[PDB]
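One chain comes next, on its own, written as structure tokens: the form deposited in one PDB entry.
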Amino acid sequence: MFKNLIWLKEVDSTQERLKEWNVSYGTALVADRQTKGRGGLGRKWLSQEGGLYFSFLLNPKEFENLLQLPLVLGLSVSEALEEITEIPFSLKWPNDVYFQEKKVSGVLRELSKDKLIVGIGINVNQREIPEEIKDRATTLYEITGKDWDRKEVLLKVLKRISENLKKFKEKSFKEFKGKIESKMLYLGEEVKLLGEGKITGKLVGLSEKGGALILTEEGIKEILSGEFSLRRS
């Protein structure tokens, strides 16, 4: 039941606040502005007006795999945006939501004590996109040519997250493998993964474990580490 909100006008980071405050699971902390945002395309643009920045607590004892989780959340984020805008979106392993070549959303997940802090940033109404990420990022406004009710968006997103997380629990990742893999970005293309190494080859798909399958010279390798980031090559 992700439907009750805590909407602030400015914080250092919704991630940090939930790391500090003791909130109940299933409640989303939203912030119009973030002075010390962290993750994805940087801190500078996470302080822009028009973006949708929020975080929420999940039970660590209940969502053990922090590789499939980001994918399911990303799948939930894209599904909500597609339902709203009726625009096709792609998923970039292992977390980002993309429209074509540029990112629209990113899923962050941290752990602290007995907390699983999930932070999600969505590009909705930012009008003045930074020149340094004009190439890698886009907004709902830029794509569709109109603004969107950030509250309406957040609600349908929280709903999909809720609905999908219930299935991911009751059932398994098998329920989303096909949905996710079929929306994967750079699929069939030459790509390069970096993090705890650097593997380069053709992204051939997604394993039932949520791992990225790369076709190298000596076989297809399955990448499970969340450390890795997937970029073109």
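Residues that one form lacks are left out of the comparison. Residues carry their position along the shown sequence, with the first being 1. Take the two forms, superpose them, and find the largest set of C-alpha atoms that agree within 1.5 Å; that set is the rigid core.
Quick note: we don't show the form deposited in another entry, though the next part is all about it.
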Once the core is aligned, does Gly195 move its Cα by at least 2 Å between this form and the one not shown? yes
For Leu224, is the CA shift between this form and the one not shown at least 2 Å following rigid-core superposition? yes
For residues shared by both forms, which stretches of 3 or more shift their Cα by 2 Å or more between this form and the one not shown, once the core is superposed? 193-200, 224-231
